[PDB]
Amino acid sequence: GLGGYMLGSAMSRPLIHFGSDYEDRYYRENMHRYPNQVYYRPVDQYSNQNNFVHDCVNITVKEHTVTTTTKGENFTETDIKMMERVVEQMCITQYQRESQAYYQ
């Protein structure tokens, strides 16, 4: 479904304050199961905030869920919600840097 998308490189994993005491370690002991990259298109044009950050998250999550599920690797509702949040922060980070470079 991609055709003309680009995946960004291995990046900073934003630590997420769930505040549920398990997740302070579950998000560590399995941090490598959750993406450390973001799949999108270059900043270029249509430069959004929230529309972009959601489309970015959606595409990244959707790519990841398929790749794992086809390697026989599943995710719980928490595992998905963790990606949905973390990938927003990661995507915002990449964007804020790239957007700076663009508009410097």
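**Let's talk about the nonpolar core**
Considering soluble globular proteins, one finds that nonpolar side chains tend to be buried as a cluster.
Link 1 in the chain: Residues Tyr-27, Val-38, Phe-52 and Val-87 are the most contacted members of the largest nonpolar core, which totals 21 residues.
Link 2 in the chain: Elements supplying a minimum of two residues to this core: α2 (50-70) and α3 (77-103).
Link 3 in the chain: Ranked by residues supplied to this core, first place goes to α3 with seven residues.
Link 4 in the chain: In contact with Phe-52, other than residues within four places in its own chain, are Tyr-40, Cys-91 and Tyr-95.

**Brief notes about the side chain of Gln-94**
Link 1 in the chain: Residue position: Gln-94 is located in helix α3.
Link 2 in the chain: Among the residues examined, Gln-94 registers a relative accessible area of 17% and is labelled buried.
Link 3 in the chain: Ignoring sequence-local partners within four residues, the contact set of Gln-94 consists of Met-11, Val-38 and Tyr-40.

**A short note on the UniProt feature "disulfide bond" in the chain**
Link 1 in the chain: A sulfur-sulfur distance of 2.0 Å is found for the UniProt-listed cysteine pair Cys-56 and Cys-91, consistent with formation of the disulfide (criterion: under 2.5 Å). One end of the pair, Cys-56, is in helix α2; the other, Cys-91, is in helix α3, and 35 residues separate them in sequence.
Link 2 in the chain: With relative accessibility at 1%, the residue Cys-56 sits in the buried group.

**Describing the state of the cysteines**
As used here, a disulfide is simply a covalent bond connecting the sulfur atoms of two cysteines.
Link 1 in the chain: In total, this model carries one disulfide according to the counting rule given.
Link 2 in the chain: Disulfide pairing is shown between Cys-56 and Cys-91; the S-S distance is 2.0 Å. Where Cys-56 bonds to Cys-91 through sulfur, the torsion about that S-S bond is close to 120°, and the disulfide is right-handed.

**A word on α2**
Link 1 in the chain: Given a rise of 1.5 Å per residue, 21 residues ought to cover 30 Å, and the 30 Å separating the end C-alpha atoms of α2 matches this to within 8%.
Link 2 in the chain: Turning to α2, its buried residues number three or more, namely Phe-52, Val-53, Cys-56, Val-57, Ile-59, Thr-60, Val-61, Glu-63, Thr-65 and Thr-68.
Link 3 in the chain: At the exit of α2 stands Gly-72, carrying a positive phi of roughly 70°.

**Thoughts on the packing of α2 against α3**
Link 1 in the chain: Orientation of α2 relative to α3, taken along the N-to-C sense of each, is 125°, at an axis distance of 9 Å. Taken together, α2 and α3 sit at an angle that is classed as oblique. Crossing angle aside, the handedness with which α2 passes α3 is right-handed. Contacts between α2 and α3 involve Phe-52, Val-53, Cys-56, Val-57, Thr-60, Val-61, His-64 and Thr-65 from the first element and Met-83, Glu-84, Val-87, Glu-88, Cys-91, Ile-92 and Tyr-95 from the second.
Link 2 in the chain: Its residues assigned to classes, the contact of α2 with α3 comprises ten nonpolar, three polar and two charged.

Cut-offs and rules
- Each chain carries its own residue count, beginning from 1 and running in the order its sequence is written; this scheme need not agree with the entry numbering, and residues with no coordinates do not appear.
- Hydrogens are left out, water is left out, and the side-chain values use all remaining heavy atoms of the structure.
- For our purposes a nonpolar core is just a set of buried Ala, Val, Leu, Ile, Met, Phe, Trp, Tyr and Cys residues, chained together by side-chain atoms within 4.5 Å.
- Residue burial is assigned from relative accessible area. The probe radius is 1.4 Å, only protein chains are included, and a residue is buried under 20% of its type maximum, exposed over 50%, and partly exposed in between.
- Secondary structure is summarised from DSSP: a helix means a run of H or I of at least four residues, a strand means a run of E of at least two, and numbering begins at the N terminus for each.
- Working rule for contacts: check all heavy atoms of both residues, and any pair within 4.5 Å makes them a contact.
- Any pair of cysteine sulfurs within 2.5 Å is marked as a disulfide.
- UniProt positions are given in the numbering used here, feature names are shortened, and annotations may be inferred rather than shown by experiment.
- An expected span of 1.5 Å times one less than the residue number is assigned to each helix.
- Angles here are taken between N-to-C directions and fall from 0 to 180 degrees, while the axes themselves are lines fitted to C-alpha atoms, restricted in helices to the stretch in contact.
- Angles below 35 degrees are treated as roughly parallel, those above 145 as roughly antiparallel, those between 65 and 115 as roughly perpendicular, and all remaining angles as oblique.
- Handedness of each helix crossing follows the sense of rotation of the near helix against the far helix: counterclockwise by less than a right angle gives left-handed, clockwise gives right-handed.
- Each residue gets one of three labels, nonpolar for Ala, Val, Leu, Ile, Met, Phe, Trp, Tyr, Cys and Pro, charged for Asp, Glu, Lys and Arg, and polar for the others, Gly among them.

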